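Here is the structure we will look at.
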Amino acid sequence: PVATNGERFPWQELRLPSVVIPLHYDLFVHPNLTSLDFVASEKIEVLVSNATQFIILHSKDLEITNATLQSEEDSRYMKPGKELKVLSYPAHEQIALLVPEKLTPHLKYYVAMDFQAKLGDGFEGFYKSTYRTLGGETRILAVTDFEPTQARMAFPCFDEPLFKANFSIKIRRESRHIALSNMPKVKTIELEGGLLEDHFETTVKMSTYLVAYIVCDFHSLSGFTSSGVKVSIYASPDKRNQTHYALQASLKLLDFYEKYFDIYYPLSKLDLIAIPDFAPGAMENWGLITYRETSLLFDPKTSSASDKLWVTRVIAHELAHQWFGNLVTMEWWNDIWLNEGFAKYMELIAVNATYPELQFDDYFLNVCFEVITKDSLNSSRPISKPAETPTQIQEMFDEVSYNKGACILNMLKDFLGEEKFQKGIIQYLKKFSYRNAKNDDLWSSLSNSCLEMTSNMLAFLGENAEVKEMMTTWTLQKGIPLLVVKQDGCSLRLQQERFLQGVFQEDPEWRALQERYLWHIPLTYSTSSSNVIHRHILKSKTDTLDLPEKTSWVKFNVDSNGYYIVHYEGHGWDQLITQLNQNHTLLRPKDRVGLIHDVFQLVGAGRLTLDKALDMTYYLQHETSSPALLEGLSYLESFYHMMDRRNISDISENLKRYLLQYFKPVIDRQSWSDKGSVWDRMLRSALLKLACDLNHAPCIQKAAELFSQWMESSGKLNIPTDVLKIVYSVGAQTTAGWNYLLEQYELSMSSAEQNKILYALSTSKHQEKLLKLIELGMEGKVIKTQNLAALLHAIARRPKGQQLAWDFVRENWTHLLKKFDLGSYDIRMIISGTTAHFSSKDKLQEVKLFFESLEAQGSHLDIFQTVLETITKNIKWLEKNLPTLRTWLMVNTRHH
Ligand SMILES: COc1ccc(C[C@@H](C(=O)NO)n2cc(CNS(=O)(=O)c3ccc(-c4ccccn4)s3)nn2)cc1
Ligand code: NA
Ligand SMILES: [Zn+2]
């Protein structure tokens with residue numbers, strides 16, 4: 001309605017008009033890494049579908065100087081063309097190009113624009129990044145990051161994922177720099193002044209948010225896949241030795257993704273570059289995937305086995321995105337899960353297929369449990385929810401769109417079989433190649449999948465209808481269902497419910513939270529007598545089944561492959577617990593993990609008492625399966641840290657004693673080395689970290705001895721990676737070791753070692769030392785600002801830093817909003833990581849007042865409600881179960 005120069009804007013909708021459709025961008029960028037600014041020009045080929053007097057596109061923080069319109073099909077706009085009037089509307093981040101004469105439909109025009117801006121200083125758009133060399137030199141590079149709505153900060157464009165087009169990129173650079181982009185380099189021309197100009201191959205049809213171009217001086221290692229794709233791993237020169245595994249894994253993973261999807265990677269080259277200053281974990285720019293140094297680089301001397309697993313995960317995630325994201329892109333950000341959820345799920349398939357030795361199949365259950373934590377609350381959301389403003393679009397990248405989408409995909413695969421599910425995937429990818437799809441399109445392609453007139457045809461059409469109907473309820477409804485199972489000789493009564501955390505069965509608002517929710521749950525169950533898996537689809541609120549066997553216990557949801565919680569009435573829980581204590585080996589390992597998880601969730605839900613869960617944790621002395629052991633230990637360790645965060649010293653000390661005593665044999669048999677399998681090493685790390693956290697004398701002595709030897713040798717003696725973080729943390733307890741660790745941090749060349757050292761420094765007791773770490777992170781010179789969100793979290797969870805971090809966030813909010821966006825993942829993680837652990841009425845009131853203060857200033861986020869409800873959850877869990885824990889621990893002291 002208005003503009004910066006007055007006058008009216010010929011558009012209101014924050015969505016661009018569908019009239020002018022782009023076809024081809026000609027993008028020339030001239031960045032100057034000395035003045036830290038860039039000048040650029042573009043020529044967009046547009047197709048006019050309806051007669052209009054104006055074109056609307058996106059532009060943000062770009063000074064536009066020249067704007068012309070040419071046409072080869074409309075003679076009125078012949079060469080050299082006419083000038084266009086530019087109107088700016090920053091409220092919607094749009095600009096309007098006013099044309100002198102109405103354009104003709106079904107024709108093609110060319111929009112040329114010259115613009116310029118400074119290199120950004122944050123994490124978005126075309127921004128500047130620095131790295132440190134081995135000798136101490138500091139170098140500068142320029143990198144792009146556009147997802148979701150930041151491509152408009154680099155060049156004016158139709159910045160929506162539906163407006164796919166081709167891209168011809170040209171970059172002007174000095175001789176000391178190289179230029180990378182999406183496509184390979186076709187030609188380099190030498191300029192008069194001595195500069196160089198790189199011309200890149202034209203890109204295929206793709207959305208704007210995947211455009212990338214980098215000017216740097218990195219070194220790379222190259223390799224070729226089976227299908228001839230040139231994979232190159234780029235990184236800072238002094239770090240080239242850290243890229244070997246990243247190349248090996250990318251090659252293998254790319255070959256698998258081609259074989260599995262039956263579609264070749266279409267570009268001739270694929271580049272993986274490790275950016276020093278990078279906010280997200282990685283970004284899937286087509287042919288130029290940018291990574292954090294901790295997500296791509298692997299150094300055997302300082303990287304643990306878990307680091308190897310994370311690097312493999314992120315490479316598999318980003319490579320899978322090349323199909324689920326670049327090849328087939330969503331229609332709009334409301335269905336963001338169509339990209340992210342699939343990629344998260346494809347991690348499991350790809351890693352487990354290519355690196356089964358990493359045993360990521362056992363770890364996948366955590367992905368679902370993390371969302372169950374947030375889905376059992378009223379403040380959750382459906383996987384497909386509309387979004388409009390850029391902040392809302394950024395908020396769509398949450399655990400819902402990622403993990404929940406991945407988990408229901410795994411549930412649907414278990415229901416349909418791997419062959420049928422794979423065929424549906426291949427049909428979906430081949431059908432929507434180089435275009436966009438939506439939620440309904442995916443479910444149609446997945447249900448109407450052909451493995452490898454008749455009654456088989458009628459059952460095939462009925463079952464495809466069934467599948468589509470089933471998944472529609474899983475994507476359009478929030479929450480997670482709870483299955484109540486009641487046994488009766490041969491009868492089995494099944495009830496479905498909306499599982500709620502911290503809202504019991506009789507609470508006055510529990511019936512107002514059971515409104516219209518109903519799920520088509522594909523139940524699977526096995527019995528104590530027959531190992532045969534039984535399948536049944538629950539389509540109503542209540543149902544009954546019959547199994548002629550009359551057995552002891554019935555275990556529903558085999559391997560927890562279904563997105564639901566099971567509850568057993570009567571003697572069901574007692575039968576299962578007795579089964580575990582006698583011979584846990586009769587139940588499947590994933591069944592044990594699901595049982596432990598579900599038991600503790602129901603204890604919070606009010607369907608079970610805490611002593612029941614604590615009595616189940618008795619069999620953990622007989623457990624050998626690492627996942628189940630680590631699950632129970634994590635619950636007990638969470639209980640200890642929940643007590644220690646408060647001043648409850650008696651319960652905390654009793655929990656420490658029980659953990660050190662009941663789990664002494666497993667702790668003592670652990671070595672201080674990097675030997676064994678992946679889960680063997682991860683079990684060692686977790687157990688030794690737990691023991692050293694509880695001030696166990698042998699752990700502390702061994703860690704102090706290792707740290708003393710390492711410091712006296714000055715890096716010459718080697719600490720095992722699996723124990724590296726533990727040793728450094730213990731060493732940081734002394735001012736001498738603390739300062740030495742900070743100095744080694746500044747001088748280190750391994751990002752993994754730096755991450756371990758930073759954690760170690762955060763485990764200090766002195767208030768001034770933690771505050772200095774926070775201030776260093778804010779400054780961004782020694783400790784990079786990209787680590788701030790993580791650092792604050794590590795400090796706030798500990799008792800000494802809880803109030804310090806909370807005070808810092810409340811006081812320096814305005815300074816934080818200058819470094820990150822409101823909807824950015826960093827701000828969301830800062831708020832949650834400093835507030836969600838609170839479990840008192842006073843802290844809940846403080847957080848409520850803080851969020852209200854953030855309101856009325858223009859800042860609103862969904863994480864506000866989620867944090868509040870979680871703090872409320874914690875308060876209710878304490879008041880309802882605190883004396884029970886006390887009594888159980890005291891009873892254990894007397895039971896011997
Ligand atoms: C497993 O390895 C991973 C996991 C996630 C990612 C994120 C990445 C992506 O997945 N791209 O496809 N991404 C999203 C955006 C834009 N939105 S953002 O608000 O700025 C935001 C940034 C990070 C988020 C996040 C991180 C962890 C969990 C949930 N969310 S959310 N840019 N890059 C990369 C690799
Ligand atoms: Na994506
Ligand atoms: Zn992703």
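Note on naming: chains are A, B, ... as they come in the structure tokens, residues start from 1 per chain, ligands start from 1 in the order shown.
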Each residue of chain A with at least one atom at most 12 Å from ligand 2 should appear once, together with its nearest atom pair and the corresponding distance in Å (one decimal); atoms considered: only C-alpha atoms and all ligand atoms; ordering: chain, then increasing residue number; output as JSON lines.
```
{"residue": "A:146", "atom": "CA", "partner": "ligand 2", "partner_atom_place_in_ligand_line": "1 (Na)", "distance": 10.9}
{"residue": "A:147", "atom": "CA", "partner": "ligand 2", "partner_atom_place_in_ligand_line": "1 (Na)", "distance": 7.7}
{"residue": "A:148", "atom": "CA", "partner": "ligand 2", "partner_atom_place_in_ligand_line": "1 (Na)", "distance": 8.4}
{"residue": "A:161", "atom": "CA", "partner": "ligand 2", "partner_atom_place_in_ligand_line": "1 (Na)", "distance": 10.4}
{"residue": "A:207", "atom": "CA", "partner": "ligand 2", "partner_atom_place_in_ligand_line": "1 (Na)", "distance": 10.9}
{"residue": "A:209", "atom": "CA", "partner": "ligand 2", "partner_atom_place_in_ligand_line": "1 (Na)", "distance": 9.1}
{"residue": "A:210", "atom": "CA", "partner": "ligand 2", "partner_atom_place_in_ligand_line": "1 (Na)", "distance": 9.1}
{"residue": "A:280", "atom": "CA", "partner": "ligand 2", "partner_atom_place_in_ligand_line": "1 (Na)", "distance": 11.8}
{"residue": "A:282", "atom": "CA", "partner": "ligand 2", "partner_atom_place_in_ligand_line": "1 (Na)", "distance": 10.3}
{"residue": "A:283", "atom": "CA", "partner": "ligand 2", "partner_atom_place_in_ligand_line": "1 (Na)", "distance": 7.9}
{"residue": "A:284", "atom": "CA", "partner": "ligand 2", "partner_atom_place_in_ligand_line": "1 (Na)", "distance": 7.2}
{"residue": "A:285", "atom": "CA", "partner": "ligand 2", "partner_atom_place_in_ligand_line": "1 (Na)", "distance": 9.3}
{"residue": "A:286", "atom": "CA", "partner": "ligand 2", "partner_atom_place_in_ligand_line": "1 (Na)", "distance": 11.0}
{"residue": "A:289", "atom": "CA", "partner": "ligand 2", "partner_atom_place_in_ligand_line": "1 (Na)", "distance": 11.9}
{"residue": "A:317", "atom": "CA", "partner": "ligand 2", "partner_atom_place_in_ligand_line": "1 (Na)", "distance": 10.2}
{"residue": "A:318", "atom": "CA", "partner": "ligand 2", "partner_atom_place_in_ligand_line": "1 (Na)", "distance": 9.0}
{"residue": "A:319", "atom": "CA", "partner": "ligand 2", "partner_atom_place_in_ligand_line": "1 (Na)", "distance": 11.3}
{"residue": "A:320", "atom": "CA", "partner": "ligand 2", "partner_atom_place_in_ligand_line": "1 (Na)", "distance": 10.3}
{"residue": "A:321", "atom": "CA", "partner": "ligand 2", "partner_atom_place_in_ligand_line": "1 (Na)", "distance": 6.8}
{"residue": "A:322", "atom": "CA", "partner": "ligand 2", "partner_atom_place_in_ligand_line": "1 (Na)", "distance": 9.3}
{"residue": "A:323", "atom": "CA", "partner": "ligand 2", "partner_atom_place_in_ligand_line": "1 (Na)", "distance": 10.3}
{"residue": "A:324", "atom": "CA", "partner": "ligand 2", "partner_atom_place_in_ligand_line": "1 (Na)", "distance": 7.8}
{"residue": "A:325", "atom": "CA", "partner": "ligand 2", "partner_atom_place_in_ligand_line": "1 (Na)", "distance": 5.3}
{"residue": "A:326", "atom": "CA", "partner": "ligand 2", "partner_atom_place_in_ligand_line": "1 (Na)", "distance": 7.9}
{"residue": "A:327", "atom": "CA", "partner": "ligand 2", "partner_atom_place_in_ligand_line": "1 (Na)", "distance": 11.0}
{"residue": "A:328", "atom": "CA", "partner": "ligand 2", "partner_atom_place_in_ligand_line": "1 (Na)", "distance": 10.2}
{"residue": "A:329", "atom": "CA", "partner": "ligand 2", "partner_atom_place_in_ligand_line": "1 (Na)", "distance": 8.0}
{"residue": "A:330", "atom": "CA", "partner": "ligand 2", "partner_atom_place_in_ligand_line": "1 (Na)", "distance": 8.7}
{"residue": "A:331", "atom": "CA", "partner": "ligand 2", "partner_atom_place_in_ligand_line": "1 (Na)", "distance": 11.8}
{"residue": "A:332", "atom": "CA", "partner": "ligand 2", "partner_atom_place_in_ligand_line": "1 (Na)", "distance": 11.3}
{"residue": "A:333", "atom": "CA", "partner": "ligand 2", "partner_atom_place_in_ligand_line": "1 (Na)", "distance": 9.4}
{"residue": "A:335", "atom": "CA", "partner": "ligand 2", "partner_atom_place_in_ligand_line": "1 (Na)", "distance": 10.5}
{"residue": "A:336", "atom": "CA", "partner": "ligand 2", "partner_atom_place_in_ligand_line": "1 (Na)", "distance": 7.0}
{"residue": "A:337", "atom": "CA", "partner": "ligand 2", "partner_atom_place_in_ligand_line": "1 (Na)", "distance": 8.2}
{"residue": "A:338", "atom": "CA", "partner": "ligand 2", "partner_atom_place_in_ligand_line": "1 (Na)", "distance": 8.3}
{"residue": "A:339", "atom": "CA", "partner": "ligand 2", "partner_atom_place_in_ligand_line": "1 (Na)", "distance": 4.9}
{"residue": "A:340", "atom": "CA", "partner": "ligand 2", "partner_atom_place_in_ligand_line": "1 (Na)", "distance": 5.3}
{"residue": "A:341", "atom": "CA", "partner": "ligand 2", "partner_atom_place_in_ligand_line": "1 (Na)", "distance": 9.0}
{"residue": "A:342", "atom": "CA", "partner": "ligand 2", "partner_atom_place_in_ligand_line": "1 (Na)", "distance": 9.6}
{"residue": "A:343", "atom": "CA", "partner": "ligand 2", "partner_atom_place_in_ligand_line": "1 (Na)", "distance": 8.3}
{"residue": "A:344", "atom": "CA", "partner": "ligand 2", "partner_atom_place_in_ligand_line": "1 (Na)", "distance": 10.4}
{"residue": "A:393", "atom": "CA", "partner": "ligand 2", "partner_atom_place_in_ligand_line": "1 (Na)", "distance": 11.9}
{"residue": "A:394", "atom": "CA", "partner": "ligand 2", "partner_atom_place_in_ligand_line": "1 (Na)", "distance": 11.4}
{"residue": "A:396", "atom": "CA", "partner": "ligand 2", "partner_atom_place_in_ligand_line": "1 (Na)", "distance": 11.0}
{"residue": "A:397", "atom": "CA", "partner": "ligand 2", "partner_atom_place_in_ligand_line": "1 (Na)", "distance": 9.1}
{"residue": "A:401", "atom": "CA", "partner": "ligand 2", "partner_atom_place_in_ligand_line": "1 (Na)", "distance": 10.5}
{"residue": "A:402", "atom": "CA", "partner": "ligand 2", "partner_atom_place_in_ligand_line": "1 (Na)", "distance": 10.2}
```
Let's have the selection written as an mmCIF file, in the first residue's frame, with C-alpha atoms.
```
data_model
loop_
_atom_site.group_PDB
_atom_site.id
_atom_site.type_symbol
_atom_site.label_atom_id
_atom_site.label_comp_id
_atom_site.auth_asym_id
_atom_site.auth_seq_id
_atom_site.Cartn_x
_atom_site.Cartn_y
_atom_site.Cartn_z
ATOM 1 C CA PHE A 146 19.958 -19.110 1.397
ATOM 2 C CA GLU A 147 17.486 -21.610 2.897
ATOM 3 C CA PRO A 148 14.790 -20.686 3.427
ATOM 4 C CA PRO A 161 10.610 -22.778 -3.910
ATOM 5 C CA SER A 207 14.621 -23.561 -6.654
ATOM 6 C CA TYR A 209 17.313 -21.439 -2.114
ATOM 7 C CA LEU A 210 19.833 -23.952 -3.526
ATOM 8 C CA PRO A 280 23.484 -24.969 10.429
ATOM 9 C CA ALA A 282 25.087 -28.457 6.705
ATOM 10 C CA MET A 283 23.242 -27.222 3.614
ATOM 11 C CA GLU A 284 22.410 -29.272 0.519
ATOM 12 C CA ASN A 285 23.179 -26.719 -2.229
ATOM 13 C CA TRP A 286 23.018 -28.751 -5.436
ATOM 14 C CA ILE A 289 27.203 -28.972 -0.058
ATOM 15 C CA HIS A 317 21.658 -36.748 5.273
ATOM 16 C CA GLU A 318 23.023 -34.162 2.832
ATOM 17 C CA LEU A 319 23.540 -36.654 0.004
ATOM 18 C CA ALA A 320 20.001 -38.011 0.413
ATOM 19 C CA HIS A 321 18.777 -34.412 0.099
ATOM 20 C CA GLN A 322 20.038 -34.367 -3.496
ATOM 21 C CA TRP A 323 16.957 -36.442 -4.372
ATOM 22 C CA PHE A 324 14.563 -35.537 -1.533
ATOM 23 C CA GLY A 325 14.973 -31.786 -1.822
ATOM 24 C CA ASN A 326 16.904 -30.794 -4.924
ATOM 25 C CA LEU A 327 15.395 -33.230 -7.435
ATOM 26 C CA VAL A 328 11.915 -33.320 -5.854
ATOM 27 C CA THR A 329 11.206 -30.116 -3.922
ATOM 28 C CA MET A 330 8.155 -29.270 -1.834
ATOM 29 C CA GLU A 331 5.490 -26.915 -3.133
ATOM 30 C CA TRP A 332 5.587 -24.653 -0.064
ATOM 31 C CA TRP A 333 7.282 -24.581 3.333
ATOM 32 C CA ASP A 335 5.181 -29.375 3.732
ATOM 33 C CA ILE A 336 8.858 -28.875 4.641
ATOM 34 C CA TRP A 337 8.911 -32.424 6.025
ATOM 35 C CA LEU A 338 8.704 -33.696 2.428
ATOM 36 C CA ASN A 339 12.402 -32.760 2.245
ATOM 37 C CA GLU A 340 13.767 -32.900 5.788
ATOM 38 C CA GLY A 341 11.761 -35.819 7.198
ATOM 39 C CA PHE A 342 12.705 -38.073 4.290
ATOM 40 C CA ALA A 343 16.383 -37.091 4.544
ATOM 41 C CA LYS A 344 16.376 -37.814 8.286
ATOM 42 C CA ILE A 393 9.034 -20.609 7.903
ATOM 43 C CA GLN A 394 12.182 -20.928 10.011
ATOM 44 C CA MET A 396 8.999 -25.192 10.583
ATOM 45 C CA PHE A 397 12.499 -26.702 10.948
ATOM 46 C CA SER A 401 9.207 -32.065 10.519
ATOM 47 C CA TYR A 402 12.446 -34.043 10.943
#
```
List the neighbours of residue 484 (chain A) out to 9 Å using only C-alpha atoms; skip same-chain residues closer than 4 positions along the sequence, and give me the result as a PyMOL selection string.
chain A and resi 493-497+565-569
Residues at most 10 Å from residue 778 (chain A), counting only C-alpha atoms, excluding those fewer than 5 positions away in the same chain, as a ChimeraX atom specification?
/A:772-773,783-789,815-816,819
Who sits within 7 Å of region 626-634 of chain A, only C-alpha atoms, same chain under 5 positions skipped, as a ChimeraX atom specification:
/A:362,592-593,596,617,620,679,683
Only N, CA, C and O atoms, please: the residues just picked out, written as a short mmCIF file (atom, residue, chain, number, x, y, z; two decimals), in the first residue's frame.
```
data_model
loop_
_atom_site.label_atom_id
_atom_site.label_comp_id
_atom_site.auth_asym_id
_atom_site.auth_seq_id
_atom_site.Cartn_x
_atom_site.Cartn_y
_atom_site.Cartn_z
N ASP A 362 20.49 -49.39 15.88
CA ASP A 362 20.13 -49.39 17.30
C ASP A 362 19.87 -47.98 17.82
O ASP A 362 19.02 -47.79 18.70
N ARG A 592 12.84 -54.52 24.74
CA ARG A 592 13.27 -54.09 26.06
C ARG A 592 13.43 -52.57 26.13
O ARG A 592 12.99 -51.93 27.09
N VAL A 593 14.06 -51.99 25.11
CA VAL A 593 14.25 -50.54 25.07
C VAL A 593 12.90 -49.83 25.05
O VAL A 593 12.68 -48.85 25.77
N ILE A 596 11.29 -50.02 28.59
CA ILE A 596 11.86 -49.06 29.52
C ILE A 596 11.34 -47.66 29.23
O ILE A 596 10.89 -46.94 30.13
N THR A 617 14.23 -51.39 36.63
CA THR A 617 15.66 -51.13 36.46
C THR A 617 16.55 -52.05 37.28
O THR A 617 17.77 -51.87 37.27
N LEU A 620 18.76 -54.51 35.01
CA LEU A 620 19.87 -53.92 34.27
C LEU A 620 21.22 -54.48 34.70
O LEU A 620 22.18 -54.39 33.93
N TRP A 679 29.60 -49.44 19.51
CA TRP A 679 28.82 -49.40 20.74
C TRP A 679 29.66 -49.76 21.95
O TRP A 679 29.37 -49.29 23.06
N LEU A 683 29.79 -47.18 24.89
CA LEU A 683 29.47 -47.62 26.25
C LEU A 683 30.58 -47.26 27.22
O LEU A 683 30.32 -46.82 28.34
#
```
Who sits within 8 Å of residue 674 (chain A), only C-alpha atoms, same chain under 6 positions skipped, as a list in words:
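So, after excluding close chain neighbours, the residues are residues 681, 720, 721 and 722 of chain A.
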Please write the residues from the selection above to a file, keeping C-alpha atoms, as a short mmCIF file (atom, residue, chain, number, x, y, z; two decimals), in the first residue's frame.
```
data_model
loop_
_atom_site.label_atom_id
_atom_site.label_comp_id
_atom_site.auth_asym_id
_atom_site.auth_seq_id
_atom_site.Cartn_x
_atom_site.Cartn_y
_atom_site.Cartn_z
CA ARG A 681 33.51 -47.58 22.67
CA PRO A 720 42.44 -42.02 23.76
CA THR A 721 39.68 -40.17 21.91
CA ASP A 722 36.91 -42.08 23.71
#
```
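Counting only C-alpha atoms and all ligand atoms, the residue from A:313, A:797, A:766, A:24 that sits nearest to ligand 3 is A:313.
Minimum distance to residue 81 (chain A) across A:388, A:456, A:110, A:623 (counting only C-alpha atoms) occurs at A:110.
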Separation of CA of residue 391 (chain A) from CA of residue 158 (chain A), in Å and rounded to one decimal:
18.5 Å
Got a sec: who's within 12 Å of residue 258 (chain A), counting only C-alpha atoms, leaving out chain neighbours fewer than 3 positions off, as number ranges by chain?
A: 225-229, 251-255, 261-266, 319-320, 322-323, 350, 426, 429
Select, from A:821, A:488, A:45, A:509, the residue with the minimum atom-to-atom distance to ligand 1, counting only C-alpha atoms and all ligand atoms.
A:821
With only C-alpha atoms as the counted atoms, please give the residues lying no more than 12 Å from residue 795 (chain A), apart from itself and same-chain residues fewer than 6 positions off, as a PyMOL selection string.
chain A and resi 758-767+769-774+788-789+801-806+808+830+833-835+837
Of the candidates A:193, A:356, A:604, A:237, which one gets nearest to residue 133 (chain A) if we count only C-alpha atoms?
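When distances to residue 133 (chain A) are compared using only C-alpha atoms, the smallest one comes from A:237.
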Please, which residues of region 478-694 of chain A, numbered as in this document, come out strand (DSSP E or B) from DSSP, as a count of residues only?
40
Closest of A:586, A:89, A:885, A:575 to residue 636 (chain A) - atom-to-atom distances counting only C-alpha atoms
A:885
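Between ligand 1 and the candidates A:370, A:114, A:198, A:61, the tightest atom-to-atom separation, counting only C-alpha atoms and all ligand atoms, involves A:370.
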How would you write, as an NGL selection string, the set of residues in region 622-701 of chain A that DSSP gives as alpha helix (DSSP H)?
:A and (626-645 or 649-662 or 664-668 or 678-693 or 697-701)
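The interatomic distance for the pair CA of residue 482 (chain A) and CA of residue 867 (chain A) works out to 23.1 Å.
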